[PDB]
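In what follows, a structure is listed as structure tokens, so that the remarks can point back to it.
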Amino acid sequence: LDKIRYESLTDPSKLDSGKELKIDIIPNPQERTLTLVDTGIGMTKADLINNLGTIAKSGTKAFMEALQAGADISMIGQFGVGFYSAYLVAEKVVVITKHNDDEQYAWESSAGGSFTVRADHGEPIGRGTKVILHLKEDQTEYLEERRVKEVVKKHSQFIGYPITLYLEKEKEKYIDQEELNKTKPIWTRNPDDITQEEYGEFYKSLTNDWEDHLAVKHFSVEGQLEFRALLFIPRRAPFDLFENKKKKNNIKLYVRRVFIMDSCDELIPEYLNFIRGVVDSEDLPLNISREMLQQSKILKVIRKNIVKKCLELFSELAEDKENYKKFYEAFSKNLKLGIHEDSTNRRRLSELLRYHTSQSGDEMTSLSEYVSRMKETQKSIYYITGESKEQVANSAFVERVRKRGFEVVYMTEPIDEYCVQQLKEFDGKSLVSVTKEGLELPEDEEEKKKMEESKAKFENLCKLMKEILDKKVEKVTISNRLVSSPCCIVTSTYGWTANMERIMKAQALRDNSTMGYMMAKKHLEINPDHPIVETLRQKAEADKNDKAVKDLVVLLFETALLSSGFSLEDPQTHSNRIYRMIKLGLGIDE
Amino acid sequence: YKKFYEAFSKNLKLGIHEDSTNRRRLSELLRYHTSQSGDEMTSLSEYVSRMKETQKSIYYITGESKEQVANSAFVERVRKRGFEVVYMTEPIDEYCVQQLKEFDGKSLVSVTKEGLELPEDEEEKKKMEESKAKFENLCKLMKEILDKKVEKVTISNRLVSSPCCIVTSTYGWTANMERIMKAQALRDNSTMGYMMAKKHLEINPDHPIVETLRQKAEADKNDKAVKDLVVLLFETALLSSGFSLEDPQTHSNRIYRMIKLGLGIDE
Amino acid sequence: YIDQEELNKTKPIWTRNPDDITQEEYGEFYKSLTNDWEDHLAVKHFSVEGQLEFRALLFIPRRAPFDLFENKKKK
Amino acid sequence: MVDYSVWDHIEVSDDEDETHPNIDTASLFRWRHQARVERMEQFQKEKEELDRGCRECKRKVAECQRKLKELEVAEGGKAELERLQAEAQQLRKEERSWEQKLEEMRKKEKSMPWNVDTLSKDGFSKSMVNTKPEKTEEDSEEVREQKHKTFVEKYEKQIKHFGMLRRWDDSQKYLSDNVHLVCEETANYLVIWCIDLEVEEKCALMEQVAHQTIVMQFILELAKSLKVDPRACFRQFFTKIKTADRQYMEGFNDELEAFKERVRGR
Amino acid sequence: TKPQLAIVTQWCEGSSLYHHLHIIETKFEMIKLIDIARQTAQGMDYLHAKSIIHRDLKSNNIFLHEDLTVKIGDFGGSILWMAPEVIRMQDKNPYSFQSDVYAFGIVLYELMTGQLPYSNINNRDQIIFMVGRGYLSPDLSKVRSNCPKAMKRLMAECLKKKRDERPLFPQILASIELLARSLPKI
Ligand SMILES: Nc1ncnc2c1ncn2[C@@H]1O[C@H](COP(=O)(O)OP(=O)(O)OP(=O)(O)O)[C@@H](O)[C@H]1O
């Protein structure tokens, strides 16, 4: 069809018999025929012999070479052994052909060692070629409607010509259902004339969607490797986004508008699988069966480009602070997952993160804004990871830092610990948690001297607490992060924190022989301002070892363990102690 | 077999989940602990050859650690008669149990759900029916005071030495399942949050505390002490059942105030 | 000059009759198929002499590898 | 013909299919990138040395031509001329050797191959934001009335065409284009149609149409529970009903029987 | 009514070797130490064949991952583990493969013995001044009671005087494998 179309644009006289350009498919489940009438250029006897009767020979290459140098011509096919594939499902093949300046001829073959070509009389065909197939016995599935529809949809849907069918539905009429392809390609045309709504209509007919898109990128490179792309971003994350199993069919790959292969385990990484698009190209080192690309390294190169462009769009999407809340409330996990495992481009991916902070009510801020409003002597950021919004709001660690007008960030999500474990510094500043072996903050010398005196002030109960509790807490020290709570518990530098333990222990598929090595020891911090510690000092000084002192110490440690995010191993003893106190306070002797 | 089971136990428990034609011949290879063997893994086939004639179903518990399950409030009555229960302490057991529901034409019922019955004489059943009327006003009183945090607060027989315990509904995730599903990453929690975790409440008419509360509440309806008592009981029972508190700070402050009251600081 | 015929030394066991092999030979074959410092735990050796012909040999490692529950490792 | 000899050398630094069980990647990618950059800069230093040497040599050749022209009128310089000629000849032959090395080194870069920033260069790029007003909901009563009349008439003809069947995948595509088109009004008219079918007492048609109807209104109930339109939630229920479990199947049958009893008494 | 399917994890960082052999005891058997030595030798031998120089392989770079799998890294009192030719300040390129061999020998010696080299004198300036103009190396007497003899010979060959007589990595790998498949107890 393309050959005759190009040849027409010198003298209209070649179109005196048949002006329309069309392709038809006529199924017939009575003589098992699958006629494929078209209206191409046609063949002559000699050309019929040297093209259809010579393995490994193509006329398309000769026609392309013989035509000047440079034209509006892009045909598909240079190998030559492509038509004999019709013998995969066939028993007898007939081709009826006519050229403009010859007579109608018929070619009959049976996949043996000979073919019969003869002049024939019958139905006048204008200038096209009929290809009649007599199907086999056990492959009588391709005469059904749904199979043909699916096979045409999957492979050849962007051919720029009207493929039609002449099925028989319900007099029984003669239907001309033309909906085989009615979505013209849109990435070929210029980018200055397409007006939004066309992009939306193309997207709605691409992947089965009832809505419109949110962004579009339409770039193209040039040189030796040249392609065009139409990357998209959707509105709502599909519910089975992380269900995997099913082969991914979000980014395709075309060469001259013919499907070749689809995958996104090499074209884009695993944390950018919510993007649809088309990566159409022109020429590539294809395989003998056009389903694979030799020199797979090429694909990796393509990946680079796409990733870069994608990241650019994200930054641009941050220019307006109204759609970013919609995009960040549905695709937040992917950014952190990418930050976890990506060594090349992570600094740029660390600027799109949005966090709650303790100066803004319900409006998320960024890290750059946090760097903006720091104090003169402040060094490093302060962060804390928890299980809920309000559980972390009022805790024991924050109450001193927030009292001095500093700032602390909140992270309430499971993946946030994974993100923090990798990212260790931002813009020349460190990230330090508020729950790790006595973080140091700037202070006056007088308060330092007062703390030095207080360290010796409570030097005895500190050591007396040690032998009461056997191997459990490593050691107890005086700490300064509390103002209205008696005691707290922190972890150590080299090991898991509380939330890390909670997330790991609840994992389904992992071993159990690595627990002991990596879990960190726990330290106990006592506040030298609550009167309870004062009364404990009085009791410990007065008496060396009393039952009440032991009971108070155990109850205090247990409550501190409860309030610091840890999990208790024997809650029944705690409940029994509470019940004992409740009966001691409400009458009944025993 | 011990060495093979110690290392490759997890792959078998995925077969009962993902496969549907080999469950019958694969369910035999599972081996758990039990309430009669100290350190020795028994099996379901050996277990079914030890139950009494009157018993009709298999009883199981899904916990977090062996020691924590060993003295739980749920298995306090079913172990008194002499019955046997099997311990399941791993997330993969929770994932596999939801599919395996039958064995030798017998049903599996947990000890942490609603509607658990022990086939026994009608004497104690009549006694509990009689006692079901003496604790009727307290039902509606506590239903009102708890303020749409629990759905039903009735009386039943599952405890002998604990004033309260909490159980979930018949159709819905249990406590350990809820904890596991909340903990993991890649939740896509825009959906699961407002669907699950239905709960009920349980009491017993034997402890001095409940009888004292009833005798106090019959006299006064709007007293301030009953609110504090019911709140503290709900918090403690909710704690000692595998759940997690919404805000530990309030409970910690209550405990500290209680100790301060007990050691004389006042104000 | 050097004579390194060690390009192959391990003979194919799975073509022999099942009852003519000892445990030591099975262990030695398992040694030079996956680099390990332990022997096996159980071995199965059968065949299907039906319309389709195939014979298999399947082992069971003593100790599990660390990365057997990953995402996309080359199985 | 068909010469693919040009795509026979490509280098990529961050290859995810070339590792060793004793190297943690991460650092290996940095090593490869740094080595490639260092080699690139070494060759660039050599090439720029050669290029600026050739440029200054051409300038000196022009200067020597000027000197020869001025010596066509003057005289006296012979030893300097001989030394300059010998030095220029040696320099020219060594620069010819270096130029041979240069077009060999280009093929050497064809051996140590292409990189990411040599195969292609950027062209054009545009991007939109689509700041559409995503708030379009008409008045409840007016849309109910108009959809009822027109939409219900047309898609009630369609539902009368569909209802005589009992196929699932056919019902799958029918509900696919329905959720493309239909809304709650069509479902309500399906409910009233099932009511009048109950009135008409057609047992087998009752069974089939009731199967389809309970499927659709269970979709509706899930829609109400999730507060999401049935336009958006059809595929997951379809894929869980075609692969339904035996317990799910018996629960579905119990619900079917309960609904049939409810309608029979209605 | 739409159950779930169990989801696997991604990975987790293991404990470093410096922490294992300087902060905790963590004593293993001889076979495990030989296996770790063979694994790190194999990793260095692979990195050996593409002209990539590790340029330093401090102990904290070495990772003991889950189960037993050694992994080498580049992430980063360290004046002890550069070659005696590193101290020079001439030509700004005294580095070659023998330096990596020497540092591998240092790692091997520490792995066999379990104590820091040069434990007698603790003075960084004194240590560097003595090493830059001396020939003093850690004594070979401090070895495990049941250590093999060929391993001692290999350690003696690890660093003799100069960057010309050091052995290449494939020889070390072959010798390590030969000793590995010869050692029931001794
Ligand atoms: N319907 C047709 N009308 C006219 N010529 C046809 C028709 N079908 C095939 N041909 C001719 O067949 C020859 C090529 O046949 P064949 O399909 O085997 O080779 P190919 O074009 O290299 O392969 P393909 O394009 O399928 O990859 C050409 O001369 C072409 O003109």
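The chains in the structure tokens are called A, B, ... from first to last as shown; in each chain the residues are counted from 1, and the ligands are counted from 1 in the order shown.
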
Can you list every residue of chain A that has an atom at most 6 Å from ligand 1, with its nearest atom pair and the distance in Å to one decimal, using only C-alpha atoms and all ligand atoms, ordered by chain then number, as JSON lines?
{"residue": "A:40", "atom": "CA", "partner": "ligand 1", "partner_atom_place_in_ligand_line": "3 (N)", "distance": 5.4}
{"residue": "A:41", "atom": "CA", "partner": "ligand 1", "partner_atom_place_in_ligand_line": "4 (C)", "distance": 5.8}
{"residue": "A:42", "atom": "CA", "partner": "ligand 1", "partner_atom_place_in_ligand_line": "4 (C)", "distance": 4.7}
{"residue": "A:43", "atom": "CA", "partner": "ligand 1", "partner_atom_place_in_ligand_line": "4 (C)", "distance": 5.9}
{"residue": "A:51", "atom": "CA", "partner": "ligand 1", "partner_atom_place_in_ligand_line": "29 (O)", "distance": 4.8}
{"residue": "A:52", "atom": "CA", "partner": "ligand 1", "partner_atom_place_in_ligand_line": "12 (O)", "distance": 5.8}
{"residue": "A:58", "atom": "CA", "partner": "ligand 1", "partner_atom_place_in_ligand_line": "22 (O)", "distance": 4.6}
{"residue": "A:59", "atom": "CA", "partner": "ligand 1", "partner_atom_place_in_ligand_line": "29 (O)", "distance": 3.8}
{"residue": "A:60", "atom": "CA", "partner": "ligand 1", "partner_atom_place_in_ligand_line": "28 (C)", "distance": 5.7}
{"residue": "A:76", "atom": "CA", "partner": "ligand 1", "partner_atom_place_in_ligand_line": "25 (O)", "distance": 5.7}
{"residue": "A:77", "atom": "CA", "partner": "ligand 1", "partner_atom_place_in_ligand_line": "27 (O)", "distance": 4.0}
{"residue": "A:78", "atom": "CA", "partner": "ligand 1", "partner_atom_place_in_ligand_line": "22 (O)", "distance": 4.6}
{"residue": "A:79", "atom": "CA", "partner": "ligand 1", "partner_atom_place_in_ligand_line": "22 (O)", "distance": 4.7}
{"residue": "A:80", "atom": "CA", "partner": "ligand 1", "partner_atom_place_in_ligand_line": "22 (O)", "distance": 3.4}
{"residue": "A:81", "atom": "CA", "partner": "ligand 1", "partner_atom_place_in_ligand_line": "18 (O)", "distance": 4.8}
{"residue": "A:82", "atom": "CA", "partner": "ligand 1", "partner_atom_place_in_ligand_line": "26 (O)", "distance": 4.2}
{"residue": "A:83", "atom": "CA", "partner": "ligand 1", "partner_atom_place_in_ligand_line": "18 (O)", "distance": 4.1}
{"residue": "A:129", "atom": "CA", "partner": "ligand 1", "partner_atom_place_in_ligand_line": "1 (N)", "distance": 5.0}

Save the residues we just selected, N, CA, C and O atoms, as a compact mmCIF listing (two decimals), in the first residue's frame?
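Listing of result.txt after writing:
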# COMPACT_ATOMS: atom_id res chain seq x y z
N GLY A 40 -2.97 -3.31 -2.83
CA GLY A 40 -1.59 -2.89 -3.00
C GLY A 40 -1.19 -2.54 -4.42
O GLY A 40 -2.01 -2.05 -5.20
N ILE A 41 0.08 -2.79 -4.76
CA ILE A 41 0.63 -2.39 -6.05
C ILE A 41 0.42 -3.50 -7.07
O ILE A 41 0.05 -3.23 -8.22
N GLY A 42 0.64 -4.74 -6.66
CA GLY A 42 0.47 -5.88 -7.54
C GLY A 42 1.80 -6.46 -7.99
O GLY A 42 2.88 -5.91 -7.74
N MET A 43 1.71 -7.58 -8.70
CA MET A 43 2.88 -8.32 -9.14
C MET A 43 2.73 -8.70 -10.61
O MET A 43 1.62 -8.75 -11.14
N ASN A 51 10.40 -13.02 -6.63
CA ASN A 51 10.16 -12.68 -5.23
C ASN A 51 9.50 -13.82 -4.46
O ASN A 51 10.03 -14.25 -3.43
N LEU A 52 8.36 -14.33 -4.92
CA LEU A 52 7.66 -15.35 -4.14
C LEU A 52 8.25 -16.74 -4.33
O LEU A 52 7.85 -17.66 -3.61
N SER A 58 14.33 -10.36 -1.32
CA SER A 58 13.29 -9.36 -1.06
C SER A 58 13.34 -8.28 -2.13
O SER A 58 14.42 -7.84 -2.53
N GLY A 59 12.16 -7.85 -2.57
CA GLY A 59 12.07 -6.78 -3.55
C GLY A 59 12.02 -5.41 -2.91
O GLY A 59 12.29 -4.39 -3.57
N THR A 60 11.68 -5.37 -1.62
CA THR A 60 11.61 -4.10 -0.90
C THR A 60 12.97 -3.43 -0.84
O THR A 60 13.09 -2.21 -1.05
N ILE A 76 9.02 -1.60 6.11
CA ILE A 76 9.38 -2.62 7.09
C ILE A 76 9.77 -3.88 6.34
O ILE A 76 8.98 -4.41 5.56
N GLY A 77 10.99 -4.36 6.59
CA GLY A 77 11.39 -5.64 6.04
C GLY A 77 12.64 -5.60 5.18
O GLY A 77 12.69 -4.89 4.17
N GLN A 78 13.66 -6.36 5.58
CA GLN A 78 14.86 -6.51 4.78
C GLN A 78 15.40 -7.94 4.75
O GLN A 78 16.40 -8.18 4.07
N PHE A 79 14.78 -8.88 5.47
CA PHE A 79 15.34 -10.22 5.58
C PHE A 79 14.99 -11.07 4.36
O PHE A 79 15.88 -11.50 3.61
N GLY A 80 13.70 -11.32 4.15
CA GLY A 80 13.27 -12.04 2.97
C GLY A 80 12.45 -13.29 3.24
O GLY A 80 11.51 -13.58 2.51
N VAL A 81 12.81 -14.05 4.27
CA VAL A 81 12.09 -15.28 4.61
C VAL A 81 11.05 -14.91 5.67
O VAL A 81 11.22 -15.12 6.87
N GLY A 82 9.94 -14.34 5.21
CA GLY A 82 8.88 -13.97 6.13
C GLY A 82 7.51 -14.51 5.79
O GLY A 82 6.68 -14.70 6.69
N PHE A 83 7.26 -14.76 4.51
CA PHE A 83 5.93 -15.18 4.08
C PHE A 83 5.69 -16.67 4.28
O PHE A 83 4.55 -17.07 4.55
N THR A 129 -3.98 -7.85 -4.18
CA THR A 129 -3.58 -9.25 -4.13
C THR A 129 -4.39 -9.97 -3.07
O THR A 129 -4.45 -9.54 -1.92

Point to revise | 10 Å contacts from chain C to chain A using only C-alpha atoms, as a PyMOL selection string | key: chain C and resi 64+66-70+72

Exercise for review: Select residues of chain E: the criterion is any atom within 10 Å of an atom of chain B, counting only C-alpha atoms; output as a VMD selection string.
Suggested key: chain E and resid 1 3 to 7 9

Write a file of the selected residues as an mmCIF file, in the first residue's frame, keeping N, CA and C atoms.
data_model
loop_
_atom_site.group_PDB
_atom_site.id
_atom_site.type_symbol
_atom_site.label_atom_id
_atom_site.label_comp_id
_atom_site.auth_asym_id
_atom_site.auth_seq_id
_atom_site.Cartn_x
_atom_site.Cartn_y
_atom_site.Cartn_z
ATOM 1 N N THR E 1 -12.120 -10.437 52.268
ATOM 2 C CA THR E 1 -12.535 -11.524 51.390
ATOM 3 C C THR E 1 -11.591 -11.653 50.201
ATOM 4 N N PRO E 3 -7.877 -12.406 50.498
ATOM 5 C CA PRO E 3 -6.725 -12.644 51.393
ATOM 6 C C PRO E 3 -5.482 -11.773 51.255
ATOM 7 N N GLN E 4 -4.362 -12.409 50.919
ATOM 8 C CA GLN E 4 -3.069 -11.747 50.811
ATOM 9 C C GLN E 4 -2.060 -12.787 50.347
ATOM 10 N N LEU E 5 -0.878 -12.313 49.967
ATOM 11 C CA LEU E 5 0.243 -13.182 49.653
ATOM 12 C C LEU E 5 1.477 -12.644 50.359
ATOM 13 N N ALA E 6 2.261 -13.547 50.943
ATOM 14 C CA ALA E 6 3.429 -13.131 51.706
ATOM 15 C C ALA E 6 4.456 -12.457 50.802
ATOM 16 N N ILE E 7 5.053 -11.376 51.301
ATOM 17 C CA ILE E 7 6.005 -10.567 50.547
ATOM 18 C C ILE E 7 7.379 -10.686 51.192
ATOM 19 N N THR E 9 11.585 -9.773 51.791
ATOM 20 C CA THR E 9 12.330 -8.576 52.156
ATOM 21 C C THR E 9 13.298 -8.204 51.032
#

Show me a table, sorted first by chain and then by increasing residue number, of the residues of chain E having an atom at most 10 Å from chain C, each with its shortest atom pair and the distance in Å to one decimal, counting only C-alpha atoms and written as a tab-separated table.
residue	atom	partner	partner_atom	distance
E:7	CA	C:69	CA	9.3
E:8	CA	C:69	CA	6.0
E:9	CA	C:70	CA	6.6
E:10	CA	C:70	CA	6.1
E:11	CA	C:70	CA	7.8
E:31	CA	C:37	CA	9.1
E:32	CA	C:37	CA	9.9
E:35	CA	C:37	CA	8.8
E:65	CA	C:66	CA	8.7
E:66	CA	C:66	CA	5.9
E:67	CA	C:66	CA	5.8
E:68	CA	C:66	CA	8.3
E:69	CA	C:66	CA	8.8
E:180	CA	C:37	CA	9.8
E:181	CA	C:37	CA	9.4

Check your understanding: Which residues come within 8 Å of residue 434 in chain A, counting only C-alpha atoms, excluding same-chain residues fewer than 2 positions away, as a count of residues only?
Key -> 9

**Study point:** Spatial neighbours of residue 3 in chain B, 12 Å, only C-alpha atoms, chain gap at least 3 places, as number ranges by chain
**Key:** B: 6-9; C: 41-42, 60-64

Review point. Any idea which chain D residues end up within 12 Å of chain C if we count only C-alpha atoms, as number ranges by chain please?
Key: D: 16-19, 21
